[PDB]
Amino acid sequence: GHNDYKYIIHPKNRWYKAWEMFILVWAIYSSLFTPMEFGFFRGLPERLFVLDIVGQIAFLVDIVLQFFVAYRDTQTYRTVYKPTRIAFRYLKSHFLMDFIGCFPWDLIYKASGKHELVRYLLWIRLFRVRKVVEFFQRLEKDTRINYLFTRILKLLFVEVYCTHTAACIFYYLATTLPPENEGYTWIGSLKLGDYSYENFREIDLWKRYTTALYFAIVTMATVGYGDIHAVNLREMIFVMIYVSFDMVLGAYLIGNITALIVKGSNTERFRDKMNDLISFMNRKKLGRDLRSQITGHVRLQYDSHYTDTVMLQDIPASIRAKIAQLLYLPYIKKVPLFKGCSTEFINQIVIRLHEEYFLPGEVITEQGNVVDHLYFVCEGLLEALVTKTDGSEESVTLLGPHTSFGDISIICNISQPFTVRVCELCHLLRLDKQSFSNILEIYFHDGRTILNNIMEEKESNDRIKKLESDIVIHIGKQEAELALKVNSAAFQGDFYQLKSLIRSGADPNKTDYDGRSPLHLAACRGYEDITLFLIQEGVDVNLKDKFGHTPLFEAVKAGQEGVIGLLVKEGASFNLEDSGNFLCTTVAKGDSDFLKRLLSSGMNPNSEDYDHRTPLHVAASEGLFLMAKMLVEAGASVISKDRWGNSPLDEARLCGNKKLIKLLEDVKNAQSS
Amino acid sequence: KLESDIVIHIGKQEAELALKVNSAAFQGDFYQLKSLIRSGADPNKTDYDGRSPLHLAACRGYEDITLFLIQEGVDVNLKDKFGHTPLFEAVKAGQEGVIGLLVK
Amino acid sequence: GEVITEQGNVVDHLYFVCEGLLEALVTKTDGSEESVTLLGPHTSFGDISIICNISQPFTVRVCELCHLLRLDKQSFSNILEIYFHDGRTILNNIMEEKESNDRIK
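Its PDB header attributes the entry to cryo-EM and lists the resolution as 3.15 Å.

Looking at the PDB entry, one finds chain B named Potassium channel GORK, with Arabidopsis thaliana as its source organism.

Going by what the PDB entry lists, chain A is known as Potassium channel GORK and is assigned to Arabidopsis thaliana. According to its UniProt record, chain A has this under Subunit: "The potassium channel is probably composed of a homo- or heterotetrameric complex of pore-forming subunits."

Dropping the structure here:
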């Protein structure tokens, strides 16, 4: 709709196409008649007058039309409707010749004192053969007809044109001589049969034309009958020039036809392949059925035309990707191996696929070889056959549409578990193990999904044991790096990044190199948003790192009691081995606040110590009252015994702190019941 | 558009780089960390655990990385949030050769 | 000037230096080199990276017009599975090549 200038016409309007054809017909006629108007008639007969003028007029308007037809720029590839640009292009290309051609040179020649030099300008009208040249250019662009065969037809038109012009020029060279010396011309001295071509300027124009054209065609195939031959020196020079150009042009014609034949066709090539295979088949006396299999494979490869699958590579990645998806993605999205996989990973699988057709009865993979090709069955049916040491074949399963095989072999880097034979006419999609491995390293989450798929119902029936080949090891390593960055985010806040990482298919539960989970990190840093987000994700919560610290413990050390409350709501335990010992070391620290936090988390199991001394015993020995107080209220019984078997009340009696002794004594009286 | 968390998402990555180095230290991927350090790295970078790459290396008892870390003068007496020194990382894992090195 | 292996990339052909001169280098991220020992006639590069299945530890670059014999990596492995018992000697040569296989123990 960019044609704001409505008057400017597209170069494709069906009426302009009709005008192209019409002016092509007139161009052919005018460029085939101008030599005849030059040679045979020295000044057009009056009868043809209108025919002359009309012809010229027909090329006019055409010039006018070429001033109003938009063109496709060769640097922007946009139809330039800009009238100024169209006018300028035409006025600087193919205008000047058209304009001089359209001048009525016939009338000029009659007017300007019958001077031949004016008639020489008629040849400017042969630039109208440009239209035929363009017609052949368009036809050669068209794929309906063989470009090389259109080259052959172009050569035939050029040959016809040269013979016609040569005939006209030859007759002209006969007429340049004055009519008194016509006996020294090729036509004046021609006595073909009884007829003598004397006084040739008076013969019917068709007799003269067919005579001259007869010679032209005779020389065209170099039959050189001789009946009509050059006699003067001008006629011998012209015949020399003609004969030479015709030699080269005929050589070009034979060259083009021979190139057309030698280039050959796909049918020819496949026929040759079949004939060589038939020679082999008869040489070894093969069995009809086996011959049928051989011929069937050849037919399959010839009909498939696999080269196009490579040809698609030349298409840029966007359109090539649309091709790959539109033709393969439907099948691949239904593959159970890829079930749940992210769409982009599947898209890459599609980009790296290779269509392969196999005849029924063939074998794709043999057991014992390492499969480096993951084939997804799209069409047809295959069969799974296990060969045993005894030499027997078991039909384990049948692989139909939207199925797969080779994934286990590639993943665990084992030999092919079972021979895969073909039942129906099969269309599969092979994928290189190398490319597959690269893609699985691209998407470590979808790689883990692939592992889960193979281990989900098939599980480890094919000896699937954790790290395998390199892809599994790479997957684990990359998940480790991902968990490192997850915990880094949990250290530097960045709640958006935490969201994005987890929602990108990353499992939060995976800890770092030190066993510290992102929930452990959130507890250590007290990032309430982060702790809540991982709680929504769902972590063991009671998980402890490799060195025995639950997130509860680290949060207690950092005093992140909101985080602690969320955990205990979810259900949180210190999971401290020797927890009584650690509480005794806390008593050694003397931090009542730390101890209060530890107790508030619900840890007072009276676990005593290696010395069998409860933290209450330790505090009593220290003389502590307040810390002993909250230890008693937390649950530490006064009846608890040390290594000596003495109560913390006994140890306070040793200390002698009357307030501590009375406190433990009152609690002892309360508890004795 | 209304999305600008990019520089927030990287957050300098100085520690993230340190994490990468210490990761290699764990998996004993010397080449990975070798390439990090010729591209520029240091042990005191440590991590959010406070553990330097040498801590993890001693935890694993890879004498190769331990000798190399010593070669660039890597701090051993450096402590971590764990309180566990690289010496103690080595002894706890029974890496008697690495304990010999770190005592050296 | 040509480059045959890229550091950090598992080599797929074990090459042998029949003629010419090559050089071993470390392509740092900083765009600097380390110029590991050159490869003169009758040496093999890419060997350990295949035998040990490790990533190529150095980029190799061509210094003079070099004539080389190629053996595919998967070849070298299946030669090991086919042509048994020499891989032990090859492995000992690797072991002495490094410091008790300090590079790949």
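And the narrative resumes.
Visitor: How would you explain unusual backbone geometry if you had to name every residue and give the values?
Guide: All names here are of chain A. The backbone of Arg-463 shows a phi angle near 60°, a positive value even though the residue is not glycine. Its place among the elements puts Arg-463 in the loop between α18 (444-456) and α19 (471-491). Positive phi values are uncommon outside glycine, yet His-612 reaches one of about 60°. Among the structural elements, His-612 can be located in the loop between α26 (592-600) and α27 (615-622). Since its relative accessible area comes to 35%, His-612 is described here as partly exposed.

Visitor: So what's going on with the sheet that holds strand β7 (residues 67-72) of chain C? Which residues, and what values?
Guide: All names here are of chain C. The sheet built from three strands is open, its strands ordered β5-β2-β7 with antiparallel pairing. Either end of the sheet is taken by a strand with one partner, and the two such strands are β5 (44-45) and β7. Sheet topology places strand β2 (residues 13-19) next to β7; six bridges connect them, and they run antiparallel. Along β7, the bridge assignment pairs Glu-19 with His-67. Helix-sheet contacts for helix α2 (residues 73-82) involve β2 and β7, and the interaxial angle to β7 is about 60°.

Visitor: Explain the pattern of salt bridges residue by residue, including any values.
Guide: Across all of its chains, the model carries 32 salt bridges over all chains by this definition. The shortest N-O distance in the salt bridge between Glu-198 of chain A and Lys-191 of chain A comes to 3.3 Å. Classification of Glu-198 of chain A by relative accessible area gives partly exposed; the value is 48%. Among the residues examined, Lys-191 of chain A registers a relative accessible area of 41% and is labelled partly exposed. One salt bridge connects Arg-421 of chain A with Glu-383 of chain A, and the closest N-O pair in it is separated by 3.5 Å. Of this pair, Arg-421 of chain A sits in strand β9 (residues 419-422) while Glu-383 of chain A sits in strand β6 (residues 382-387), placing them 38 residues apart in sequence. Among the charged side chains, a salt-bridge network with shared partners connects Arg-516, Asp-545 and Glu-554 of chain A together with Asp-49 of chain B.

Visitor: Outline the interface of chain B and chain C, supporting the account with residue identities and numerical values.
Guide: Counting residues at the interface gives six residues for chain B, matched by twelve residues for chain C. Across the interface of chain B and chain C, roughly 610 Å² is buried in total on both sides, 57% from carbon and sulfur atoms. Three residues, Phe-30, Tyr-31 and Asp-64 of chain B, lead the burial of chain B against chain C; their summed loss comes to 68% of the area buried on that side. Along the contact surface separating chain B from chain C lie zero salt bridges. Between the two partners, chain B and chain C, sit one residue pair in polar contact. For the side of chain B that touches chain C, the elements supplying multiple residues, two or more each, are α3 (30-38) and α5 (63-71) of chain B. Residues belonging to the side of chain B that touches chain C are distributed by class as follows: two nonpolar, one polar and three charged.

Visitor: So what's going on with the pairing of strand β5 (residues 373-379) of chain A? Which residues, and what values?
Guide: Residue and element names in this part refer to chain A. A large share of β5 lies buried, amounting to five of its seven residues. In this sheet, strand β10 (residues 426-432) lies alongside β5 in antiparallel orientation, the contact comprising six bridges. Each residue of the ladder has a partner; that of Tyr-375, found in β10, is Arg-430. Relative to strand β8 (residues 403-405), β5 runs antiparallel, the two being bridged by three bridges. Each bridged residue has a counterpart across the sheet, and for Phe-376 the counterpart in β8 is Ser-404.

Visitor: Lay out the layout of surface pockets in plain terms, naming residues and giving numbers.
Guide: Residues and elements named next belong to chain A. A volume near 1,100 Å³ is recorded for the second largest pocket. Taken together, 27 residues make up the lining of the second largest pocket; nearest its centre are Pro-11, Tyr-71, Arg-89, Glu-134 and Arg-138. The greatest single-element share of the lining of the second largest pocket, amounting to six residues, is contributed by helix α7 (residues 130-141).

Visitor: Could you give an account of the packing of helix α25 (residues 579-589) of chain A against α27 of chain A, naming the residues involved and the relevant values?
Guide: Each pair of packed helices gets described by two things: the angle between the helix axes and the distance between those axes. Residues and elements named next belong to chain A. Put simply, α25 and α27 touch, their axes get as near as 8 Å, and they point 20° apart. In terms of orientation, α25 lies roughly parallel with respect to α27. α27 is crossed by α25, and the crossing has right-handed handedness. Within the contact between the two elements, α25 uses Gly-580, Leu-583, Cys-584 and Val-587 and α27 uses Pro-615, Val-618, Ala-619 and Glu-622. Residues of the contact of α25 with α27, tallied by class, amount to six nonpolar, one polar and one charged.

Visitor: Can you tell me about the interface of chain B and chain A, naming the residues and giving the values?
Guide: Often, the extent of an interface is quoted as the loss of accessible area on bringing the components together. Listed as interface residues are 24 residues of chain B and, on the opposing side, 22 residues of chain A. Summing the contributions of chain B and of chain A, the shared interface buries around 2,000 Å²; its carbon and sulfur component is 55%. Along the contact surface separating chain B from chain A lie three salt bridges. Connecting chain B to chain A are seven residue pairs in polar contact. With eight residues, helix α2 (residues 14-27) of chain B is the largest single contributor of residues to the side of chain B that touches chain A.

Visitor: Got a sec to walk through helix α14 (residues 317-333) of chain A? Specific residues and values, please.
Guide: Residues and elements named next belong to chain A. Counted at 1.5 Å a residue, the expected span for α14 with its 17 residues is 24 Å, but the 20 Å between its end C-alpha atoms falls short. Largest kink in α14: about 45°, centred on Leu-327, with the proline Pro-330 one to four residues after it. Of the surrounding elements, those touching the buried residues of α14 are α13 (307-311), α15 (343-351), β3 (354-358), β5 and β10.

Visitor: A description of empty space enclosed by the protein should follow, citing residues and the corresponding values.
Guide: For the structure shown, the criterion picks out three cavities of 30 Å³ or more. As a volume, the largest cavity reaches approximately 80 Å³.

Visitor: Describe the UniProt feature "repeat: ANK" in chain A, listing the residues and the values that go with them.
Guide: Here the UniProt-annotated "repeat: ANK" positions come out as residues 479-510, 514-543, 547-576, 578-607, 611-640 and 644-673 of chain A. With 69% helix and 0% strand, the stretch residues 479-510 of chain A has end C-alpha atoms that lie 8 Å from each other.

Visitor: Before we move on, can you summarise the sheet that holds strand β4 (residues 363-365) of chain A with the specific residues and values?
Guide: Hydrogen bonds between backbone atoms are what pair the strands of a sheet, whose relative direction is either parallel or antiparallel. Residues and elements named next belong to chain A. The four strands are arranged β4-β9-β6-β7 in an open sheet whose pairing can be described as antiparallel. Strands at the two margins of the open sheet, each flanked by one partner only, are β4 and β7 (393-395). Neighbouring strand axes in the sheet, compared pairwise and without regard to direction, differ in orientation by 35° on average. Where β4 and β9 come together, two bridges link them in antiparallel fashion. From the neighbouring strand, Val-363 faces β9, where its bridge partner is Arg-421.

Visitor: Would you mind going over the nonpolar core in detail, with residue names and values included?
Guide: Most often, soluble globular proteins keep nonpolar side chains buried together rather than apart. Residue and element names in this part refer to chain A. Grouped together as the largest cluster of nonpolar side chains are 71 residues, with contacts concentrated most on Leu-534, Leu-567, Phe-574, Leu-598, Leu-660 and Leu-664. Considering every element that reaches this core, the biggest residue donor is helix α30 (residues 658-671), with five residues. If sequence neighbours within four positions are ignored, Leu-660 has contacts with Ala-620, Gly-623, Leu-624, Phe-625, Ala-628 and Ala-652.

Visitor: Describe the packing of aromatic side chains, listing the residues and the values that go with them.
Guide: Residue and element names in this part refer to chain A. Counted under the stated rule, the structure contains 38 aromatic pairs over all chains. Between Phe-67 and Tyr-90 the ring centres are 5.0 Å apart and the planes differ by 75°, which places this aromatic pair in the edge-to-face class. Separated by 23 residues along the polypeptide, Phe-67 in the loop between α2 (49-66) and β1 (71-72) and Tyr-90 in helix α3 (residues 83-91) bring together distant segments of the chain. Relative accessible area serves as the criterion here: at 22%, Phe-67 is assigned to the partly exposed category. With relative accessibility at 4%, the residue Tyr-90 sits in the buried group. Taking 5.8 Å as the distance between ring centres and 85° as the angle between the ring planes, the aromatic pair formed by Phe-345 and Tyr-443 counts as edge-to-face. In this pair, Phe-345 is assigned in helix α15 and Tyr-443 in the loop between α17 (433-442) and α18, connecting sequence segments 98 residues apart. Summarising the burial analysis for this pair, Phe-345 and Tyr-443 share the class buried. Taken together through their ring pairs, the aromatic side chains of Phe-67, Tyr-90, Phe-95, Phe-99, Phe-103 and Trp-105 make up a single cluster. When the ring centre of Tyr-195 is taken as origin, the NZ or CZ atom of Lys-207, which lies over that ring, is 4.9 Å away.

Reading the values: the criteria
Residues numbered from 1 in each chain as written, not as in the entry; some residues may be left out. Chains lettered and ligands numbered in written order. Part of a larger assembly, values for the part shown. Heavy atoms only, no water. UniProt positions renumbered as here; feature names shortened; annotations may be inferred. Helix = DSSP H or I, 4+ residues; strand = E, 2+ residues; numbered from the N terminus. Buried < 20%, exposed > 50% of the residue type's maximum accessible area, 1.4 Å probe, protein only. Pairing = 2+ DSSP bridges. Contact = heavy atoms within 4.5 Å. Axes fitted to C-alpha atoms, helices over the stretch in contact; angles between N-to-C directions. Salt bridge = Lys/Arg side-chain N within 4 Å of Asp/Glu carboxyl O. Buried area = accessible area lost by both parts, 1.4 Å probe. Polar contact = N/O pair within 3.5 Å; in protein donor to acceptor, adjacent residues only side chain to side chain. Nonpolar A, V, L, I, M, F, W, Y, C, P; charged D, E, K, R; others polar. 1 Å grid on protein atoms, 1.4 Å probe; cavity = no way out; pocket = protein on both sides within 12 Å on 5 of 7 lines; lining within 4 Å. Points joined across faces, edges and corners; volume = space filled by probe spheres on them. Parallel < 35°, antiparallel > 145°, perpendicular 65-115°, else oblique. Left-handed = near helix turned anticlockwise from the far one by under 90°. Expected span 1.5 Å × (residues − 1). Bend = angle between axes of the 7 residues up to and from the residue. Core = buried A, V, L, I, M, F, W, Y, C linked by side-chain atoms within 4.5 Å. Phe/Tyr/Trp six-rings, centres within 6.5 Å; stacked < 30°, edge-to-face > 60°. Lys NZ or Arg CZ within 6 Å of the ring centre and 35° of its normal.

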